[PDB]
Structure formats: structure tokens, C-alpha cells
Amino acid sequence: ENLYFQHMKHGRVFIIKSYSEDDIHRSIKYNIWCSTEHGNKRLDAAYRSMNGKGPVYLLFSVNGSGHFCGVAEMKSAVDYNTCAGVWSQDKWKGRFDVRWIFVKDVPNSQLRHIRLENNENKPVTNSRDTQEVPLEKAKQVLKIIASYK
């Protein structure tokens, strides 16, 4: 048995959908991310309301790739006035620190059966960028990712 994730009681978990393999490479290399304006606001609000009582997890997936590519923890609030042009979209506004804790490809077929009640019961694999995941579903996702081979 593995009951690690079933036991966590605090934590908030978001899907990260990126169009760009380059942005994923840069994130892993430098432990930073940037989302859209509204994505940054959602993530910033979740980070600031957490108050270190629990982690904000990011489940990264490249749009159209058919798989998740890893997991990171948010490690700062969003700084919105930062160097422009560092991401694929040259206008992207801001930066927050992350810490990647898991880098590997998990096929969508391993996760498609988990559905999200806050997103019309759609498969978690059909989420848009910064879709939040209910903690009870997130536990199931994290277990599958951590145990995939």
C-alpha cells in the first residue's frame, strides 16, 4: 500500500497548460514561471491565501502533447513588473518562483478517468490553463504521476 497522498489535508493544485516546449525547458532550468494575466492573478491569490500552511502544486502539460511533463510547487507571489520578452509570448507580464519536484512524461491515458466536478465533470486531461483541481481529485492525480513508470 501507498497512502501518502490520501493523508494530506491542505494543498491547492492547478493545471498548467503551456503552448511552448521552450517555456517548459526554461522553467525547469531556472525554477520560474509566468502565466497569463488572469492566470497569474488566480495563482497569486491561491499562494497568498495559503500562508505556508500547505503547498500550491502546478501540474504542467504542453498543449496538444498528449501527456503531462511534471510537477512544480509555487514558491513566491507573482511579481508583475519584470523583464519583458523572456517567454515564448514576448509580451508576458511577470514572474513567480517555482520549484520543480518531478519531471517525467505521464501519458493522458493514465489520468483521463479522473474527472473534475468544478469543470463540468470533464477529464482532468481536458483542462485549460490554471484550471484548479479539487483536493480529493488532486490526490488521485499525484499518486498516479508519482507511481507511473
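Here the rigid core means the biggest group of C-alpha atoms that line up within 1.5 Å when the two forms are laid on top of each other. Sequential numbering from 1, following the sequence displayed.
The segment moving more, judged by mean Cα distance from this form in 8 other deposited structures of this protein after a core overlay, is 82 to 90 among 82 to 90 and 29 to 37.
Choosing between 9 to 17 and 133 to 141, the greater Cα displacement from the shown form in 8 other deposited structures of this protein, fitted by the core, goes with 9 to 17.
Comparing the deposited coordinates for 110 to 118 and 24 to 32, the stretch with the larger average C-alpha B-factor is 110 to 118. Of the two segments, 57 to 65 and 89 to 97, the one listed with the higher mean B-factor is 89 to 97 (C-alpha atoms only).
Compared with the other modelled residues of the chain, the Cα B-factor recorded for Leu3 ranks in the highest third.
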